[PDB]
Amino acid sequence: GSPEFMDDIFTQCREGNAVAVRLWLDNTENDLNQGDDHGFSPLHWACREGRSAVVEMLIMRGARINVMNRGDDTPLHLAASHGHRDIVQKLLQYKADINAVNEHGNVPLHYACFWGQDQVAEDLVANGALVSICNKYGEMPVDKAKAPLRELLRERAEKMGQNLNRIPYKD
């Protein structure tokens, strides 16, 4: 009747403790995608806290890239919001849904713009992130940017052949 204390995966992913994460991964019956009390997966936390090595480890074992937390954020929302450029690029390369919408209709580009993560925002548009998609409250990603970033992103989207017309939220 003795308790056997364990390291929990979510803390290890937050802290980026790679050996502990690997030992957890070696238990093949662990659910790579299971979220914590707020629906944050191991991948959500690794991406949010900028733990590049752990992010890659999870991706390589086949963790679902577009998993959603309780607010419907994906790992890409969090990596973009917190300006972790390497992790954003990794996620895009492993086919993250670049226009994934959270409970507010926000895409990762909203947060990259809002937080002035200029190069992250550029990386997103370069890979097909729509600049004119309104969230549920009528705000486009570039509405959240400062004017110089807005213009830089609109120019990139134009060159890529995006339609820049405002897209009001439907459904």
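Residue indices: 1-based, along the sequence shown.
Higher mean CA temperature factor between 75 to 83 and 91 to 99: 91 to 99, per the PDB entry.
The stretch 149 to 157 shows the higher mean C-alpha B-factor when 18 to 26 is compared against 149 to 157 in the entry. When all modelled residues of the chain are sorted by CA temperature factor, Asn106 is found within the lowest third. Among all modelled residues in its chain, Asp143 ranks in the middle third by Cα B-factor. Placement of the Cα temperature factor of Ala129 within the chain: highest third of the modelled residues, per the deposited record. Sorting the modelled residues of the chain by their CA temperature factor places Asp37 in the highest third.
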